[PDB]
>>> print(open('structure_27.tsv').read())   # TSV, C-alpha atoms and all ligand atoms
chain	number	residue	atom	x	y	z
A	140	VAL	CA	0.00	0.00	0.00
A	141	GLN	CA	0.99	3.67	-0.12
A	142	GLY	CA	2.30	5.80	2.74
A	143	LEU	CA	2.65	3.11	5.42
A	144	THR	CA	5.76	2.38	7.41
A	145	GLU	CA	7.58	-0.88	6.80
A	146	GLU	CA	6.34	-2.08	10.20
A	147	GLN	CA	2.73	-1.18	9.39
A	148	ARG	CA	3.03	-3.09	6.11
A	149	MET	CA	4.49	-6.10	7.95
A	150	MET	CA	1.63	-5.89	10.44
A	151	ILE	CA	-1.04	-5.98	7.73
A	152	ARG	CA	0.79	-8.83	5.99
A	153	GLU	CA	0.87	-10.90	9.18
A	154	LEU	CA	-2.87	-10.40	9.72
A	155	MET	CA	-3.73	-11.10	6.07
A	156	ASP	CA	-1.68	-14.29	6.07
A	157	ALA	CA	-3.38	-15.41	9.30
A	158	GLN	CA	-6.78	-14.70	7.69
A	159	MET	CA	-5.81	-16.58	4.50
A	160	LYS	CA	-4.59	-19.59	6.48
A	161	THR	CA	-7.57	-19.86	8.86
A	162	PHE	CA	-10.71	-18.55	7.05
A	163	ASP	CA	-12.30	-21.33	4.96
A	164	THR	CA	-14.41	-18.92	2.89
A	165	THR	CA	-16.07	-21.79	1.01
A	166	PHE	CA	-16.89	-23.55	4.33
A	167	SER	CA	-15.68	-26.74	2.59
A	168	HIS	CA	-14.63	-28.40	5.85
A	169	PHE	CA	-17.85	-27.67	7.73
A	170	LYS	CA	-19.28	-31.19	7.91
A	171	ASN	CA	-21.14	-33.67	10.13
A	172	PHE	CA	-23.31	-30.87	11.52
A	173	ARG	CA	-26.74	-31.43	13.02
A	174	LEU	CA	-29.91	-30.35	11.21
A	175	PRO	CA	-33.48	-29.65	12.36
A	176	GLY	CA	-35.64	-32.73	12.67
A	177	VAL	CA	-37.90	-33.89	9.86
A	178	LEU	CA	-41.67	-33.88	10.47
A	196	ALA	CA	-42.15	-19.14	33.48
A	197	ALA	CA	-41.13	-15.56	32.78
A	198	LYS	CA	-37.83	-17.13	31.77
A	199	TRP	CA	-39.59	-18.87	28.86
A	200	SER	CA	-41.32	-15.63	27.86
A	201	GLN	CA	-37.93	-13.93	27.55
A	202	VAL	CA	-36.29	-16.92	25.84
A	203	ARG	CA	-39.16	-16.79	23.34
A	204	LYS	CA	-38.31	-13.16	22.58
A	205	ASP	CA	-34.60	-14.04	22.58
A	206	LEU	CA	-34.98	-16.71	19.89
A	207	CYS	CA	-37.22	-14.75	17.50
A	208	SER	CA	-34.53	-12.08	17.04
A	209	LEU	CA	-32.68	-14.09	14.36
A	210	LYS	CA	-35.06	-15.93	12.00
A	211	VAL	CA	-33.43	-17.65	9.01
A	212	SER	CA	-34.25	-20.33	6.50
A	213	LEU	CA	-31.48	-22.74	5.54
A	214	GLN	CA	-30.50	-23.93	2.08
A	215	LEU	CA	-28.03	-26.77	1.38
A	216	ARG	CA	-26.82	-27.19	-2.23
A	217	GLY	CA	-25.35	-30.58	-3.00
A	218	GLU	CA	-22.35	-31.04	-5.26
A	219	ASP	CA	-24.61	-33.18	-7.46
A	220	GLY	CA	-27.01	-30.26	-7.98
A	221	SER	CA	-29.61	-31.28	-5.40
A	222	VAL	CA	-31.05	-28.64	-3.05
A	223	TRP	CA	-32.45	-29.04	0.46
A	224	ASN	CA	-34.33	-26.04	1.91
A	225	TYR	CA	-35.55	-25.65	5.50
A	226	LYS	CA	-38.15	-23.08	6.54
A	227	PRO	CA	-38.41	-22.65	10.32
A	228	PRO	CA	-41.69	-22.97	12.24
A	229	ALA	CA	-43.68	-20.16	13.78
A	230	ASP	CA	-43.53	-19.61	17.51
A	231	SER	CA	-46.63	-21.36	18.87
A	232	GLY	CA	-45.76	-21.87	22.54
A	233	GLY	CA	-43.68	-25.06	22.47
A	234	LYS	CA	-40.16	-26.45	22.05
A	235	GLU	CA	-40.25	-25.82	18.27
A	236	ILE	CA	-38.45	-22.51	18.84
A	237	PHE	CA	-35.32	-24.62	19.52
A	238	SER	CA	-35.24	-26.57	16.25
A	239	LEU	CA	-32.25	-24.77	14.72
A	240	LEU	CA	-30.17	-24.48	17.90
A	241	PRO	CA	-28.12	-27.69	17.46
A	242	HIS	CA	-27.30	-26.65	13.88
A	243	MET	CA	-26.34	-23.10	14.81
A	244	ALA	CA	-24.29	-24.45	17.71
A	245	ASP	CA	-22.34	-26.58	15.23
A	246	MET	CA	-21.83	-23.65	12.85
A	247	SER	CA	-20.70	-21.28	15.61
A	248	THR	CA	-18.32	-23.97	16.89
A	249	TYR	CA	-16.80	-24.34	13.42
A	250	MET	CA	-16.35	-20.57	13.16
A	251	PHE	CA	-14.88	-20.29	16.69
A	252	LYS	CA	-12.24	-22.89	15.78
A	253	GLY	CA	-11.24	-20.79	12.78
A	254	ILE	CA	-11.04	-17.69	15.00
A	255	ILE	CA	-8.92	-19.49	17.58
A	256	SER	CA	-6.61	-20.66	14.76
A	257	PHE	CA	-6.49	-17.07	13.43
A	258	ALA	CA	-5.27	-15.66	16.75
A	259	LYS	CA	-2.74	-18.45	17.36
A	260	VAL	CA	-1.03	-17.74	14.01
A	261	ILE	CA	-0.45	-14.04	14.83
A	262	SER	CA	2.94	-13.29	16.39
A	263	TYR	CA	1.63	-10.46	18.59
A	264	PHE	CA	-0.90	-12.90	20.08
A	265	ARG	CA	1.45	-15.86	20.51
A	266	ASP	CA	3.79	-13.58	22.48
A	267	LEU	CA	1.19	-12.87	25.13
A	268	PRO	CA	0.99	-15.01	28.28
A	269	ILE	CA	-1.26	-18.03	27.86
A	270	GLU	CA	-3.71	-16.63	30.42
A	271	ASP	CA	-4.18	-13.40	28.47
A	272	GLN	CA	-4.47	-15.35	25.22
A	273	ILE	CA	-7.41	-17.22	26.73
A	274	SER	CA	-9.05	-14.11	28.20
A	275	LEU	CA	-8.76	-12.26	24.88
A	276	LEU	CA	-10.30	-15.10	22.88
A	277	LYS	CA	-13.14	-15.47	25.39
A	278	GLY	CA	-13.82	-11.74	25.19
A	279	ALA	CA	-13.67	-11.39	21.39
A	280	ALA	CA	-14.47	-14.79	19.79
A	281	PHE	CA	-18.08	-13.84	19.01
A	282	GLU	CA	-17.09	-10.44	17.59
A	283	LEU	CA	-14.48	-11.93	15.26
A	284	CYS	CA	-17.01	-14.52	14.08
A	285	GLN	CA	-19.49	-11.76	13.20
A	286	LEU	CA	-16.79	-9.83	11.32
A	287	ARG	CA	-15.99	-12.92	9.26
A	288	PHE	CA	-19.72	-13.54	8.67
A	289	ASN	CA	-20.14	-9.99	7.36
A	290	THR	CA	-17.70	-10.73	4.54
A	291	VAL	CA	-20.07	-13.46	3.28
A	292	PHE	CA	-23.25	-11.41	3.90
A	293	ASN	CA	-25.26	-10.52	0.78
A	294	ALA	CA	-27.09	-7.35	1.71
A	295	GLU	CA	-29.23	-7.40	-1.45
A	296	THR	CA	-30.74	-10.81	-0.63
A	297	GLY	CA	-30.33	-10.69	3.16
A	298	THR	CA	-28.35	-13.96	3.02
A	299	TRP	CA	-25.11	-15.24	4.56
A	300	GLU	CA	-23.59	-17.25	1.71
A	301	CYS	CA	-21.52	-19.93	3.41
A	302	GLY	CA	-20.36	-21.95	0.44
A	303	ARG	CA	-22.95	-24.66	-0.22
A	304	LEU	CA	-24.92	-23.54	2.86
A	305	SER	CA	-27.01	-20.36	2.87
A	306	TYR	CA	-28.78	-18.62	5.78
A	307	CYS	CA	-31.56	-16.37	4.48
A	308	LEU	CA	-33.41	-13.82	6.57
A	309	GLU	CA	-37.16	-14.44	6.58
A	310	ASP	CA	-39.59	-11.76	5.38
A	313	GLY	CA	-42.66	-4.92	8.18
A	314	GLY	CA	-39.86	-5.44	5.67
A	315	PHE	CA	-36.27	-4.27	5.57
A	316	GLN	CA	-36.69	-1.33	7.96
A	317	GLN	CA	-38.13	-3.65	10.64
A	318	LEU	CA	-35.17	-6.04	10.38
A	319	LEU	CA	-32.83	-3.11	11.10
A	320	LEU	CA	-34.48	-2.91	14.53
A	321	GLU	CA	-32.55	-6.04	15.53
A	322	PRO	CA	-29.10	-4.70	16.52
A	323	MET	CA	-27.17	-7.63	15.05
A	324	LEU	CA	-28.92	-7.25	11.69
A	325	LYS	CA	-28.52	-3.46	11.56
A	326	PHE	CA	-24.85	-4.09	12.27
A	327	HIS	CA	-24.40	-6.44	9.32
A	328	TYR	CA	-26.24	-4.12	6.92
A	329	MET	CA	-24.42	-0.99	8.11
A	330	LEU	CA	-20.99	-2.69	8.04
A	331	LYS	CA	-21.59	-4.06	4.53
A	332	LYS	CA	-22.46	-0.56	3.31
A	333	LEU	CA	-18.97	0.67	4.19
A	334	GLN	CA	-17.59	-1.60	1.39
A	335	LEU	CA	-14.44	-2.46	3.35
A	336	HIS	CA	-11.30	-4.07	1.94
A	337	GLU	CA	-10.07	-7.44	3.21
A	338	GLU	CA	-7.25	-5.53	4.93
A	339	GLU	CA	-9.72	-3.34	6.83
A	340	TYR	CA	-11.76	-6.34	7.98
A	341	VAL	CA	-8.67	-8.07	9.34
A	342	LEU	CA	-7.53	-4.93	11.16
A	343	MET	CA	-11.02	-4.73	12.69
A	344	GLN	CA	-10.55	-8.33	13.85
A	345	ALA	CA	-7.21	-7.42	15.42
A	346	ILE	CA	-8.56	-4.30	17.14
A	347	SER	CA	-11.36	-6.42	18.61
A	348	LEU	CA	-9.06	-9.29	19.58
A	349	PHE	CA	-6.46	-7.07	21.29
A	350	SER	CA	-8.93	-5.30	23.57
A	351	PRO	CA	-7.21	-4.52	26.91
A	352	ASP	CA	-10.45	-4.19	28.91
A	353	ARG	CA	-11.82	-7.71	28.57
A	354	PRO	CA	-12.43	-9.59	31.84
A	355	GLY	CA	-9.32	-11.26	33.18
A	356	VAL	CA	-6.63	-9.56	31.09
A	357	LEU	CA	-3.41	-9.02	33.07
A	358	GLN	CA	-1.02	-7.45	30.54
A	359	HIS	CA	-3.39	-4.51	30.12
A	360	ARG	CA	-0.59	-2.16	29.08
A	361	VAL	CA	0.95	-4.44	26.44
A	362	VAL	CA	-2.45	-5.30	24.96
A	363	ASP	CA	-3.47	-1.63	24.96
A	364	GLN	CA	-0.26	-0.67	23.14
A	365	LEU	CA	-0.76	-3.40	20.52
A	366	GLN	CA	-4.36	-2.31	19.96
A	367	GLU	CA	-3.32	1.30	19.44
A	368	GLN	CA	-0.78	0.20	16.81
A	369	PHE	CA	-3.44	-1.78	14.96
A	370	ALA	CA	-5.79	1.22	15.05
A	371	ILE	CA	-3.04	3.59	13.87
A	372	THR	CA	-2.22	1.19	11.02
A	373	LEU	CA	-5.90	1.10	10.03
A	374	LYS	CA	-6.19	4.89	10.15
A	375	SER	CA	-3.06	5.24	7.99
A	376	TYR	CA	-4.19	2.51	5.61
A	377	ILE	CA	-7.43	4.44	5.03
A	378	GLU	CA	-5.62	7.77	4.59
A	379	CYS	CA	-3.20	6.29	2.06
A	380	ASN	CA	-5.65	4.21	0.03
A	381	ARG	CA	-9.09	5.92	0.18
A	382	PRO	CA	-9.10	9.56	-0.97
A	383	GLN	CA	-12.77	9.61	-2.02
A	384	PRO	CA	-15.35	11.88	-0.34
A	385	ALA	CA	-17.42	8.78	0.45
A	386	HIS	CA	-14.66	7.53	2.76
A	387	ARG	CA	-14.30	10.67	4.82
A	388	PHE	CA	-14.48	9.72	8.50
A	389	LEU	CA	-14.30	6.02	7.54
A	390	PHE	CA	-11.81	5.25	10.31
A	391	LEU	CA	-14.14	6.80	12.89
A	392	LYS	CA	-17.13	4.96	11.42
A	393	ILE	CA	-15.26	1.66	11.74
A	394	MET	CA	-14.29	2.37	15.34
A	395	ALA	CA	-17.91	3.23	16.15
A	396	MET	CA	-19.01	-0.09	14.64
A	397	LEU	CA	-16.46	-1.88	16.81
A	398	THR	CA	-17.94	-0.21	19.89
A	399	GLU	CA	-21.42	-1.25	18.75
A	400	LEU	CA	-20.18	-4.78	18.07
A	401	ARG	CA	-18.92	-5.01	21.64
A	402	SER	CA	-22.38	-4.02	22.89
A	403	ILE	CA	-24.00	-6.62	20.62
A	404	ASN	CA	-21.58	-9.19	22.05
A	405	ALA	CA	-22.69	-8.43	25.62
A	406	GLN	CA	-26.37	-8.59	24.64
A	407	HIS	CA	-25.85	-11.85	22.76
A	408	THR	CA	-23.91	-13.44	25.63
A	409	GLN	CA	-26.80	-12.70	28.01
A	410	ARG	CA	-29.27	-14.07	25.47
A	411	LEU	CA	-27.25	-17.26	24.98
A	412	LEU	CA	-26.93	-17.88	28.72
A	413	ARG	CA	-30.69	-17.46	29.25
A	414	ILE	CA	-31.41	-19.98	26.50
A	415	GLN	CA	-28.72	-22.35	27.82
A	416	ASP	CA	-30.25	-22.11	31.28
A	417	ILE	CA	-33.62	-23.58	30.27
A	418	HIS	CA	-32.59	-25.53	27.13
A	419	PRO	CA	-28.97	-26.72	27.03
A	420	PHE	CA	-27.36	-26.63	23.60
A	421	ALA	CA	-23.85	-25.14	23.81
A	422	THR	CA	-21.11	-27.43	22.50
A	423	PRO	CA	-18.06	-28.14	24.68
A	424	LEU	CA	-16.05	-25.42	22.89
A	425	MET	CA	-18.88	-22.92	23.36
A	426	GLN	CA	-19.13	-23.78	27.06
A	427	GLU	CA	-15.39	-23.18	27.41
A	428	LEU	CA	-15.60	-19.81	25.65
A	429	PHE	CA	-18.66	-18.75	27.68
A	430	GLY	CA	-17.28	-19.92	31.04
A	431	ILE	CA	-19.72	-22.82	31.53
A	432	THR	CA	-18.01	-25.31	33.85
A	433	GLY	CA	-20.14	-28.44	33.31
A	434	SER	CA	-21.27	-28.52	36.97
B	501	LIG	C1	-26.00	-20.67	18.34
B	501	LIG	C2	-26.30	-19.21	18.71
B	501	LIG	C3	-27.25	-19.21	19.90
B	501	LIG	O1	-25.09	-18.57	19.12
B	501	LIG	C4	-24.22	-18.16	18.15
B	501	LIG	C5	-24.56	-17.98	16.80
B	501	LIG	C6	-23.61	-17.54	15.88
B	501	LIG	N1	-23.95	-17.40	14.58
B	501	LIG	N2	-24.54	-16.39	13.99
B	501	LIG	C7	-24.71	-16.72	12.70
B	501	LIG	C8	-25.36	-15.88	11.59
B	501	LIG	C9	-25.61	-14.46	12.07
B	501	LIG	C10	-26.69	-16.52	11.19
B	501	LIG	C11	-24.47	-15.85	10.34
B	501	LIG	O2	-24.25	-17.92	12.47
B	501	LIG	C12	-23.78	-18.33	13.64
B	501	LIG	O3	-23.27	-19.44	13.80
B	501	LIG	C13	-22.32	-17.30	16.34
B	501	LIG	CL1	-21.13	-16.79	15.35
B	501	LIG	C14	-21.98	-17.48	17.68
B	501	LIG	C15	-22.93	-17.90	18.59
B	501	LIG	CL2	-22.45	-18.12	20.25
>>> encode(input="structure_27.tsv", output="structure tokens")
Amino acid sequence: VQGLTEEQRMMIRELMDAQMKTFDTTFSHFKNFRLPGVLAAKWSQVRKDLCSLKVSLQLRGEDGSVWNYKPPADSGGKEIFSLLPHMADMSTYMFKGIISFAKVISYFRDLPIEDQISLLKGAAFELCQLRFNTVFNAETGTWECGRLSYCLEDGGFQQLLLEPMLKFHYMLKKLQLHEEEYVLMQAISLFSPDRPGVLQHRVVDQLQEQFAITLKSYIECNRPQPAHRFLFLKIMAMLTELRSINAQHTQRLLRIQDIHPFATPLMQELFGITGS
């Protein structure tokens, strides 16, 4: 790129190579996953919690066959849980890729093991959502995950933007970010010094500032257009919003888990569930 220091260029290269090595953008190795079956104030809140993300599922076979799943309506029973095993398997697959991402980055490997764990626990969900945005089709409201597709169900478009996670995906897609800007967002999220349990606050804070400076300079050197004025500040605002979404989603997941267990072992580990 233009105008960056040698170190800033090395930093982007390290992140881009980690992304390349650990982001299966065709989802070719996502296999053996579960699928929905064929054919008291807690519950009220868990009902509201589950209806926030309503998707149909399409699976396109290599042979040309297509399976399509349309979810039920909420009618007061366990049917609101039908996609949870599947989504648990997808989130587990994505978390593994995010853990692999972080472990390949020198700046992360050099942290104490305890801070490595605290940073992954704090950011795993946010990095997953950033990766999912790169496969989000805003015109069709669909996450295109190779041969799998997750399509938002039909109030219209303005009413979907009321769900913070969906507004986030649509707003982030509109910024038309480069791969390099997505991976710097992932690094700024990963190297957050204020996650619970971080000990090397000062080292992590210094690393995060360098990633943010690199992103700011990347944008200044490579995006002169009036449309990209304030882009760096827009991205940082989205990262702050993404952290809020993370906290809301973690509370939602724990409420659902409390009355209807579904988290895989890796999810339990990331969410602090002990098994007792
Ligand atoms: C299983 C559920 C309660 O919790 C999660 C779901 C997801 N999501 N979200 C999606 C989109 C938004 C449909 C692409 O796909 C996922 O697997 C992630 Cl990343 C992490 C967790 Cl913990």
>>> residues_near_ligand(input="structure_27.tsv", ligand="ligand LIG 501 (chain B)", cutoff="7 Å", atoms="only C-alpha atoms and all ligand atoms", output="VMD selection string")
chain A and resid 240 243 to 244 246 to 247 250 281 284 to 285 288 299 306 411 425
>>> residues_around(input="structure_27.tsv", residues="range 396-408 of chain A", least_positions_apart="6", cutoff="8 Å", atoms="only C-alpha atoms", output="PDB file with C-alpha atoms, in the frame of the given file")
ATOM      1  CA  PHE A 281     -18.080 -13.840  19.010  1.00  0.00           C
ATOM      2  CA  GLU A 282     -17.090 -10.440  17.590  1.00  0.00           C
ATOM      3  CA  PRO A 322     -29.100  -4.700  16.520  1.00  0.00           C
ATOM      4  CA  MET A 323     -27.170  -7.630  15.050  1.00  0.00           C
ATOM      5  CA  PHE A 326     -24.850  -4.090  12.270  1.00  0.00           C
ATOM      6  CA  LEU A 330     -20.990  -2.690   8.040  1.00  0.00           C
ATOM      7  CA  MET A 343     -11.020  -4.730  12.690  1.00  0.00           C
ATOM      8  CA  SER A 347     -11.360  -6.420  18.610  1.00  0.00           C
ATOM      9  CA  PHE A 429     -18.660 -18.750  27.680  1.00  0.00           C
TER      10      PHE A 429
END
>>> closest_residue(input="structure_27.tsv", among="A:413, A:234, A:160, A:374", to="residue 259 in chain A", atoms="all atoms listed in the file")
A:160
>>> residues_around(input="structure_27.tsv", residues="residue 350 in chain A", least_positions_apart="6", cutoff="7 Å", atoms="only C-alpha atoms", output="VMD selection string")
chain A and resid 362 to 363 366
>>> atom_distance(input="structure_27.tsv", atom1="CA of residue 434 in chain A", atom2="CA of residue 414 in chain A")
16.9 Å
>>> closest_residue(input="structure_27.tsv", among="A:159, A:215, A:341, A:280", to="residue 255 in chain A", atoms="only C-alpha atoms")
A:280
>>> axis_aligned_box(input="structure_27.tsv", around="range 390-395 of chain A", padding_each_side="8 Å", output="AutoDock Vina command-line options")
--center_x -14.9 --center_y 4.2 --center_z 13.2 --size_x 22.1 --size_y 21.1 --size_z 21.8
>>> atom_distance(input="structure_27.tsv", atom1="CA of residue 226 in chain A", atom2="CA of residue 296 in chain A")
16.0 Å
>>> closest_residue(input="structure_27.tsv", among="A:228, A:430, A:176, A:268", to="residue 361 in chain A", atoms="only C-alpha atoms")
A:268
>>> closest_residue(input="structure_27.tsv", among="A:221, A:271, A:241, A:329", to="residue 353 in chain A", atoms="all atoms listed in the file")
A:271
>>> atom_distance(input="structure_27.tsv", atom1="CA of residue 308 in chain A", atom2="CA of residue 331 in chain A")
15.5 Å
>>> residues_around(input="structure_27.tsv", residues="residue 225 in chain A", least_positions_apart="5", cutoff="7 Å", atoms="all atoms listed in the file", output="ChimeraX atom specification")
/A:212-214
>>> closest_residue(input="structure_27.tsv", among="A:357, A:345, A:254, A:151", to="residue 267 in chain A", atoms="all atoms listed in the file")
A:357
>>> residues_around(input="structure_27.tsv", residues="range 382-387 of chain A", least_positions_apart="5", cutoff="12 Å", atoms="only C-alpha atoms", output="list in words")
residues 141, 332, 333, 334, 335, 374, 375, 376, 377, 392 and 393 of chain A
>>> write_last_selection(input="structure_27.tsv", atoms="C-alpha atoms", output="compact mmCIF listing (two decimals), in the coordinates of the input")
# COMPACT_ATOMS: atom_id res chain seq x y z
CA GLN A 141 0.99 3.67 -0.12
CA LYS A 332 -22.46 -0.56 3.31
CA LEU A 333 -18.97 0.67 4.19
CA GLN A 334 -17.59 -1.60 1.39
CA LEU A 335 -14.44 -2.46 3.35
CA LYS A 374 -6.19 4.89 10.15
CA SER A 375 -3.06 5.24 7.99
CA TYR A 376 -4.19 2.51 5.61
CA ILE A 377 -7.43 4.44 5.03
CA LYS A 392 -17.13 4.96 11.42
CA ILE A 393 -15.26 1.66 11.74
